[PDB]
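These notes are about the structure you will find just below.
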Amino acid sequence: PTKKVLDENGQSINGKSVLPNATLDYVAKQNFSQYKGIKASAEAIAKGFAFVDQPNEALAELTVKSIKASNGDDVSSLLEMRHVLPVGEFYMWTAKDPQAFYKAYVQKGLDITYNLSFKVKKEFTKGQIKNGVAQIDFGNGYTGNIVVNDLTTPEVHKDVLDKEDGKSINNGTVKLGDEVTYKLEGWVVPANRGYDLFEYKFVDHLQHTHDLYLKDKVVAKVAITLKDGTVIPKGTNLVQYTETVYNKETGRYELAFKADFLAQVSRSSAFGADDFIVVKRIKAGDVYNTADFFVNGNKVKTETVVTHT
């Protein structure tokens, strides 16, 4: 009995990391292909057939998406599901009529595939997501494999600098008419992940009454390897791979990588960028700054910084 975990493009990602909003798509096999041509006694058959799935404490909202035999048959109406509270919490599917299930599936060597999906609990923010299977045939129990995936919660920071590669001026003072540089520190997306990037984006709510947006610059925080083998050196200016927008009436600033560039990044390269926003102080008072960061639909906030005039 085996279980795999699959990505959007149907490929296995056992052992790879995923993000808090992941859907875990599992495919589990109840293996009867080794019983092809069997002649079991009648008391062995009457002990029946069952399949067990045991998720750990990370996983939540089970959805049985299908249960099918290898010949195409939808077999869900031949099984009885129980959720029980293998000796803790688990799901189990036993065949309602052992004899007829034996004749139609077991003795023909037809495997049954269970396609199950789960979400991650919001209060599981790190560690390993696990899912195990077992199977019971003619009363004999057999464990199979456990699939494992790390849950990585993203994390970002903001600082305010006098200028780039300069020094922090947080809670300090700024002369009227001067420039300051906000630095938004992106999360480094790790290598060995089980997903491709479609979104990598900052939203910064500038205090437009007191700060005038001049310009921005985005730079690689790590060497980035694309799928075709091209290395992008750490420190490189990533501007042509991004799109900036700034609304002068609201203060809303956005910097987003293009989907087409992010699709080129290799799953075994890390990926990260830092964003430097240059502003001019045009009014006295206390000036606060915060940002939000989105990575494939997952949102996190930076700390709030302040400067005075």
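Start counting the sequence shown at 34; every next residue gets the next number (the numbering used here).
Quick reminder that beta carbons are idealized off the backbone N, C-alpha and C, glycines included.
- Collapsing the DSSP output to three states places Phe134 in a helix.
- Beta-bridge pairing by DSSP links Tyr286 to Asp237, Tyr279.
- Per DSSP, the continuous beta strand (DSSP E) segment holding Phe327 begins and ends at 324-328.
- With respect to the 8 Å criterion, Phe82 and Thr127 are classified as neighbours on the basis of their beta carbons.
- When secondary structure is reduced to three states using DSSP, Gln140 falls in the coil class, being assigned neither helix nor strand.
- In the DSSP assignment, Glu76 falls within the unbroken alpha helix (DSSP H) covering 75-78.
- Ranked by how close their Cα comes to the Cα of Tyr215, the residues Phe231, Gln240, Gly105 have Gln240 in first place.
- Contact annotation, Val213 with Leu194: C-beta distance approximately 7 Å; criterion of less than 8 Å satisfied.
- With contacts defined as CB atoms closer than 8 Å, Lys129 and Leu143 fail to qualify as a contacting pair.
- Counted as a single uninterrupted DSSP element, the beta strand (DSSP E) harbouring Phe84 occupies residues 82-88.
- The beta carbons of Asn47 and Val38 sit closer together than 8 Å.
- Assigned with DSSP and collapsed to three states, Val272 falls in helix.
- Between the alpha carbons of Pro266 and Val278 lies a distance of about 26 Å.
- Per the coordinates, the alpha-carbon of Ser50 lies some 32 Å from the alpha-carbon of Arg285.
- Counting along the chain, the unbroken beta strand (DSSP E) around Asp249 starts and ends at 244-253.
- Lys36 counts as buried, since at least 16 other C-beta atoms from the protein chains shown sit within 10 angstroms of its C-beta.
- Less than 8 Å divides the Cβ of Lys334 from the Cβ of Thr323.
- When Cβ pairs closer than 8 Å are counted between the two stretches, the segment 68-85 is seen not to touch the segment 239-255, the count staying below three.
- Apart from the 5 residues on each side of it in sequence, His116 sits with its Cβ closer than 7 Å to the Cβ of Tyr124 in its chain, given in chain order.
- Between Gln168 and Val85 the beta-carbon gap is near 7 Å, inside 8 Å, which marks them as a contact.
- Here DSSP, grouped into helix, strand and coil, assigns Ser66 to helix.
- Per DSSP, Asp308 is one residue of the beta strand (DSSP E) stretching across 306-314.
- Going by beta carbons, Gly305 and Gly227 fall outside the 8 Å limit.
- In this structure, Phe171 and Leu95 do not form a Cβ contact; the two beta carbons are roughly 27 Å apart against a cut-off of 8 Å.
- For a cut-off of 8 Å, the C-beta gap from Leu288 to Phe235 is around 5 Å, short enough to register as a contact.
- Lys332 and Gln67 have their C-alpha atoms some 48 Å from each other.
- Between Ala102 and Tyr138, the gap from beta carbon to beta carbon is short of 8 Å.
- DSSP places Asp293 within a helical segment (H, G or I) once states are collapsed to three.
- With distances taken between CA atoms, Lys281 lies nearest to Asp244 out of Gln273, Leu259, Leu271, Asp244.
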